[PDB]
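Report on the following structure.
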Amino acid sequence: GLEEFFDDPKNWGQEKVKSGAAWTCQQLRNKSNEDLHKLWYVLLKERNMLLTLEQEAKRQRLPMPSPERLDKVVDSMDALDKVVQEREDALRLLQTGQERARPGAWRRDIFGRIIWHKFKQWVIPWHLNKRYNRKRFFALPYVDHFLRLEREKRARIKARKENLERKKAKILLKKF
Amino acid sequence: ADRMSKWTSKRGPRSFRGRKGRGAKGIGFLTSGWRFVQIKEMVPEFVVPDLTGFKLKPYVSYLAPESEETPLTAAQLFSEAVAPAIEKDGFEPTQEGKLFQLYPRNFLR
Amino acid sequence: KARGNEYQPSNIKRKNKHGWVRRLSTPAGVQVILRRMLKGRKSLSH
Amino acid sequence: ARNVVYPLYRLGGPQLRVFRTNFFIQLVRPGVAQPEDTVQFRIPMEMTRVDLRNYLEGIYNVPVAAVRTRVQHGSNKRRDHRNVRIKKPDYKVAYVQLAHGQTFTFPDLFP
Amino acid sequence: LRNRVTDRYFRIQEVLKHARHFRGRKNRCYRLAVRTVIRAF
Amino acid sequence: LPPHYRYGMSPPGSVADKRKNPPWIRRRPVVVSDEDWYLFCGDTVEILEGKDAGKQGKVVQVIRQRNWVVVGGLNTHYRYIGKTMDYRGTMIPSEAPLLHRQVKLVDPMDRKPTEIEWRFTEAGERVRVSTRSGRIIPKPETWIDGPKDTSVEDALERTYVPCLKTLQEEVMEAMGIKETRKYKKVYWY
Amino acid sequence: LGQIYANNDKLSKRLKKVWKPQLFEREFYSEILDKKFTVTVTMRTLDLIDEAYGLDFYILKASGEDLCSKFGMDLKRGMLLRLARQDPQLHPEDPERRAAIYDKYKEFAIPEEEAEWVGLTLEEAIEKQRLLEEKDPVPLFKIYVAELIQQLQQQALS
Amino acid sequence: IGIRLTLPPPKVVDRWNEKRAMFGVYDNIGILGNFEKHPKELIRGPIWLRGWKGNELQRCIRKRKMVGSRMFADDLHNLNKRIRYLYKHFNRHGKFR
Amino acid sequence: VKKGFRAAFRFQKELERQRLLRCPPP
RNA sequence: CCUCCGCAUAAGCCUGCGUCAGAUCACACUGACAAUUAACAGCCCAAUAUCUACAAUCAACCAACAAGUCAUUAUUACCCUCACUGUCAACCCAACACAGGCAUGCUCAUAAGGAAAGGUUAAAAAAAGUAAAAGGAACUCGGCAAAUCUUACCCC
RNA sequence: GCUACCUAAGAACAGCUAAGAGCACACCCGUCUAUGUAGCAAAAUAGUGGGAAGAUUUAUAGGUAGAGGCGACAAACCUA
RNA sequence: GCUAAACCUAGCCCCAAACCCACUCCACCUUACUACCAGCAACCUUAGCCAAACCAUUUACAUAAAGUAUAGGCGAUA
Ligand SMILES: [Mg+2]
Ligand SMILES: [Mg+2]
Ligand SMILES: [Mg+2]
Ligand SMILES: [Mg+2]
Ligand SMILES: [Mg+2]
Ligand SMILES: [Mg+2]
Ligand SMILES: [Mg+2]
Ligand SMILES: [Mg+2]
Ligand SMILES: [Mg+2]
Ligand SMILES: [Mg+2]
Ligand SMILES: [Mg+2]
Ligand SMILES: [Mg+2]
Ligand SMILES: [Mg+2]
Ligand SMILES: [Mg+2]
Ligand SMILES: [Mg+2]
Ligand SMILES: [Mg+2]
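Protein chains in written order, with PDB author numbering: chain Y, 63 to 238; chain 9, 15 to 103, 118 to 137; chain 2, 47 to 92; chain U, 2 to 112; chain R, 10 to 50; chain V, 15 to 46, 50 to 158, 169 to 216; chain X, 87 to 244; chain i, 32 to 128; chain c, 31 to 56.
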């Protein structure tokens, strides 16, 4: 029911609630796939509840009872995501030998800068896709100059950074 | 005549408003006289397990000891499924006749 | 008569006139975009 | 699930599952006096009405009778020391009517 | 700016000390003061 | 927090700090450290210079971006607190931060100020050691469960039998969900 | 593309001029390829061919920077390939003939792995290279298995 | 009022630094080192004007030839413009022509 | 913030003089 | 007392006089919190052939000329339903809380919507009205303007 | 996105008199006067006026661009 | 005595050396930031101001040889 969107009725209006520590990754790793999944739903509900509480607080012009707990929950969730994702990656490596699941490739666009074009997923082959063939992946000679300019700009910035660092160092030396 | 504000479905004229949307993910297609056709398979069905008799909680008691991290790489995984190999002295070549494809993902999350 | 209001807004026109797609459509447009990028503008096209 | 590539359903293909759901939700107090049995949530933009219905049914085991979503604009006016516009984020609101005449008054927190 | 002037106030004073006792802006405003001062001299 | 931020006595997420250092200030940054850093929160230290010259005391707070040590009830100067109404308020002795080099570490046996080095001992492994005197200067520094807390046994059961299964497939199996259909191939590009 | 002085005196107008060459369309046989190509050829080209005798010979003899055409280069490459492989060009009933033809161009005829890349642009070459070293990635699992096997072997040995 | 109240932090200087103490040393290497090197190899600066005086225009010209090919487009353009300007200024505008 | 020192010194002296003129000692 | 305006929709803008808290012609100004819920409107329509001579004008007589704005059929293919987005405001374009500009449907004195006068005095000069003895174009470049209305004749 | 001309598919024109007809709203233009001239306004207000079923007015989207366009030629108009 | 003044360190310039950058997830050539369906494709001498006191051919874009041979309305100049 909708009772799960709020915490225990005992805790309403305490300004301090005890709720110890996030799920560290090692622990998560140690746990099973099914178990992990189960835990995820537990986490999710809690997160939702926390969000609701926060909203309520905002409405009422009052501060949260214990906003660290929300953060902890978030951290735990992140850890869970990482663990499962890692496992998936490992599996992929074992089977197909692919870093990243979603396929793409290195494509030079109009502007000349090389991009990782992530592949979009379609029903018909690329050669008779009317929209996709408009999206052109090549430069032409008018771009080279611009690229060069960009490079120069980048270099200038780098130079500025480096010299600044040196100057700072010098200043420090002078001081001490 | 703002260039800086993010272009959205609220912003244009009627047709424009109709067209865009937010990142909703469409649940079907549209036909005949603007009759939408909600396909059941396009809709994501949430596979929620039963949490009855489930001893895990959303926080972890402070008394639990510290341990160093171990990024679960493929080698480790292999090692932990290498006993059978050892005994011998479980693998798919392609996965095109398989429901949950590991590489160009079918499975969601 | 009063001639101040040359502008008379309609988004569709703007998008066709000055949109990214239109710019892409020519070499000149592309060059414009490139120039803007170089400059470091927050809105390359409309 | 938000910020994930959805697999392409051709015609004879399988049901799309969401194991480990990405988007998470918050139920709020209504501002302007709603009827009994209406519940107001804040959906994250990408999640649909149908999805919301499903979500409630699965995770919370609530009998949802009807759902009606709506995109609220978050204000762009308001500026810095720089005179650059800080944008409050736009969010999606959900009006969920419960079934069986279940009824739901939003409770008092902070007594 | 490599080498720009620091001792300018003093120069101004050097004229203005003579204009001190005139009427109007002449005693304050250097541009006016100078002309008056020279004439007086 | 932006660049050229001045790490004061108050922390970077407080009201006082905000008042002092809002997002549009542009002060001169103060120059100062290394990982070879020997002053901790809780150490007993001797104040060399200024007020209380020669006195020892415990360290309350360390603000290492400014190389500061805050000494407890020492290097004090007097601050009024409360106030607000048309009267005195109340009078506190507030603590000034001491830039290190003015503050040296105290030996437990001698009670004298000492220069320190980070020698790798054979016990295992890295710890402070005094130069003038010998021996180690060590370090500074219950629960009961709640309703939504796992317990130590239930956290470290470890149920992960590593198969080549995928999470999803395993989950499906657990459920008893049956999918007779199969996925028709799609042109990704 | 150049400029002319009006009446070939410098004290008149300078004015821009494009001299175009006289293009023709002609059939052309080639013994190496056995096909009749229709080409945009000029009279100088024809003359060159005559000098070299065969069209094929001309194609072979003429260097890449003097050929000045991508099509020509391609043709040359093809010819080279043919020379290398010794492919059935005239099929059964003409083996002797084929041999004779080959012997006519005993000169030229580079190894097959060079002739593949002749008359390519840079981009084309790059593409070819990419195609060559494409390959789907080797499953790590297989590698792991191999390693395990090796280890086992080592153990057995010791 | 442009002038300032508090007199500056006193500019303390060590005239007996590693630089100033050994200034001019080796400078004079040829006339008492059997001309192995010239003192124009001692001078360390921009690669174009390294034992070579010049004018403004001349300097610019030198820069364009000795470095040009490895100069930043924008900067190169600027240099060119300067040269164009400088030539005009020298060869035409002026007094004493 | 100009580059000098002499000028500043002079100004200081002037200020001192002014002060003396204003509130002289016993 | 005004109403020569009003409510909508379109286009445009994009939270721009809602609640609480706060500060400084007179107090729509800053911070927080709230809001617009689809049935209205957008967002369409599986192929291959094949069909579509006779306007509109109350469509009926008449009557035309500039000659017109609303259609299938055959065969094969096909069970899955209501997702997504617009929905606020005292509002847009004219640098402004600008007498200007601004499409369509109703409302044609309003059931909408508003306020010409901060206070006082009652000089000149100036502006907008109303007044008129007798005369009636004597005005002036010209009956311009005003007032009552209408005769004849040129030029182009 | 102003204006000049066009293309597509639209909309508007009360009332009285009897056809690029007449009077006369809405709409369009802008004759003469006065006011305004750092203005309500980088061309407005007050009246008075020409048109108002047509070579009419007008909303939307598209097109022609400068050695050009577009022009019922005023050497007009083509974002003050 | 008000308005004000004042203030060093933000950083930056010129070099030297050294060949740079660019995929957390999602989105982005359709009206970019838009999950999901049957059509084309890049290369083509710069010019002119300006100088010649107009202007019409013409007018620059390591060191030394050398501003030499040359070129040039045999002049500007190159
Ligand atoms: Mg409304
Ligand atoms: Mg204006
Ligand atoms: Mg009323
Ligand atoms: Mg009033
Ligand atoms: Mg008044
Ligand atoms: Mg009278
Ligand atoms: Mg008279
Ligand atoms: Mg008269
Ligand atoms: Mg009149
Ligand atoms: Mg008429
Ligand atoms: Mg009329
Ligand atoms: Mg004329
Ligand atoms: Mg004329
Ligand atoms: Mg000249
Ligand atoms: Mg001259
Ligand atoms: Mg002249």
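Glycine included, C-beta positions come from ideal geometry on N, C-alpha and C.
Would the beta-carbon of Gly75 (chain 2) be found less than 7 Å away from any heavy atom of ligand 2? no
Under 8 Å between the Cβ atoms of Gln27 (chain U) and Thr114 (chain Y)?
Going by C-beta atoms, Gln27 (chain U) is nearer than 8 Å to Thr114 (chain Y).
**Message:** For chain Y, check one thing: does any of its Cβ atoms lie closer than 8 Å to the Cβ of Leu226 (chain X)?
**Reply:** Using a Cβ-Cβ cut-off of 8 Å, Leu226 (chain X) counts as an interface residue toward chain Y, since at least one Cβ of chain Y sits closer than that to its own.
Inset, instruction - Report yes or no: is there a C-beta of chain V within less than 8 Å of the C-beta of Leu202 (chain Y)? - result: Residue contact check for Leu202 (chain Y) against chain V: no CB pair falls below 8 Å.
_Which of the three DSSP states is assigned to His69 (chain i) in this structure?_
In this structure, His69 (chain i) counts as coil in the three-state DSSP scheme.
Worksheet entry | Whole-angstrom distance between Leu235 (chain Y) and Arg228 (chain Y), CA atom to CA atom | Looking at the backbone, the Cα of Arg228 (chain Y) and that of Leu235 (chain Y) are separated by about 11 Å.
| said: So that I know if they touch, is there some Cβ in chain 9 lying closer than 8 Å to that of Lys209 (chain V)? | reply: It does: the Cβ of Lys209 (chain V) has a partner Cβ on chain 9 nearer than 8 Å.
Q | Short CB-CB distance (under 8 Å) between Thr45 (chain R) and chain c | A | At a cut-off of 8 Å between C-beta atoms, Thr45 (chain R) does not count as an interface residue with respect to chain c.
**Asked** Hey, out of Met111 (chain Y), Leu106 (chain Y), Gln88 (chain Y), whose CA is closest to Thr84 (chain 9)'s CA?
**Response** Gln88 (chain Y)
Could you spell out the range, first to last residue, of the beta strand (DSSP E) harbouring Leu80 (chain i)? Per DSSP, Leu80 (chain i) belongs to no beta strand (DSSP E) and is neither H nor E.
| Among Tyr204 (chain Y), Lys230 (chain Y), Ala217 (chain Y), which one has its Cα closest to the Cα of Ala74 (chain 2)? | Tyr204 (chain Y)
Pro17 (chain V): contacting residues in chain U (beta-carbon distance under 8 Å): Residues of chain U passing the Cβ test: none, with the nearest at roughly 15 Å.
My understanding is that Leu98 (chain Y) touches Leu142 (chain Y), with C-beta atoms under 8 Å, so please give their C-beta distance in whole angstroms.
6 Å
Quiz item: Span of the alpha helix (DSSP H) holding residue 82 (chain X)?
Solution: Since the first residue of chain X shown is 87 and the last is 244, residue 82 (chain X) is not available in this structure.
### Query
Around the Cβ of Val76 (chain V), are there at least 16 other Cβ atoms within 10 angstroms (buried) or fewer (exposed)?
buried
Three or more C-beta pairs closer than 8 Å, one from the segment 64 to 79 of chain U and one from the segment 7 to 23 of chain U: is that the case here?
no
Buried or exposed, going by whether 16 or more other CB atoms sit within 10 Å of the CB of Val224 (chain X)?
exposed
What is the DSSP secondary structure of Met108 (chain V), reduced to helix, strand or coil?
strand
For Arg169 (chain Y), I'd like the list of residues in its chain whose CB is within less than 6 Å of its CB, leaving aside the five on either flank, ordered along the chain.
-> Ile177, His179, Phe199
How many angstroms separate the CA atom of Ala201 (chain V) from the CA atom of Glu96 (chain Y)? 7 Å
- Query: Along the chain, where does the beta strand (DSSP E) that runs through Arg30 (chain U) open and close?
  - Reply: The continuous stretches of beta strand (DSSP E) do not include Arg30 (chain U), and DSSP gives it neither H nor E.
- Message: I'd like to confirm the pairing. Which residues does DSSP put opposite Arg33 (chain V) in its beta bridges?
- Response: None, per the DSSP bridge assignment.
Item to complete: Would you give the residue range spanned by the alpha helix (DSSP H) that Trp102 (chain Y) belongs to?
Response: 95 to 122
Exercise for the section: Determine the closest residue to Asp53 (chain V) out of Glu134 (chain V), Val79 (chain V), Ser24 (chain V), with distance taken between C-alpha atoms. Expected result: For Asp53 (chain V), the closest of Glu134 (chain V), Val79 (chain V), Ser24 (chain V) by C-alpha to C-alpha distance is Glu134 (chain V).
Exercise. In chain 9, what lies closer than 8 Å to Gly14 (chain U) by C-beta?
Worked result: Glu55
Report task. Compare the Cα-Cα distances from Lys197 (chain Y) to each of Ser91 (chain 2), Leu90 (chain 2), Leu70 (chain 2), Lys59 (chain 2) and report the closest residue. Result -> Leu70 (chain 2)
| message | Which residues in chain R have a C-beta closer than 8 Å to the C-beta of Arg40 (chain c)? List them in chain order. | response | Neighbours of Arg40 (chain c) on chain R, chain order: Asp16, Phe19.
Q) From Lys85 (chain 2) to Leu211 (chain Y), what does the alpha carbon distance come to, in whole angstroms? A) Near 10 Å, if we compare the C-alpha coordinates of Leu211 (chain Y) and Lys85 (chain 2).
request  = Inspect the CB distances between the segment 92 to 103 of chain U and the segment 34 to 49 of chain U and report whether three or more fall short of 8 Å.
outcome  = yes
Practice item. Check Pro16 (chain V) in the structure and name its three-state DSSP category. Key: Secondary structure at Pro16 (chain V): coil, using DSSP grouped into helix, strand and coil.
| Which one or two residues does DSSP pair with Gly88 (chain X) in a beta bridge? | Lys103 (chain X), per the DSSP bridge assignment.
Check: How is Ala152 (chain Y) classed by DSSP in three states: helix, strand or coil?
Finding: DSSP places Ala152 (chain Y) in helix when its eight states are reduced to three.
Could you check what DSSP says for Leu10 (chain R) in three-state terms: helix, strand or coil? coil
Using CA atoms only, rank isn't needed, just tell me which of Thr49 (chain U), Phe25 (chain U), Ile44 (chain U) is closest to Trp102 (chain Y). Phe25 (chain U)
Would you check whether ligand 2 has a heavy atom nearer than 7 Å to the C-beta of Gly86 (chain 2)? no
* To do: Work out the CA separation of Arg35 (chain i) and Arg152 (chain V) for me, nearest whole Å.
  => Their Cα atoms are separated by approximately 57 Å.
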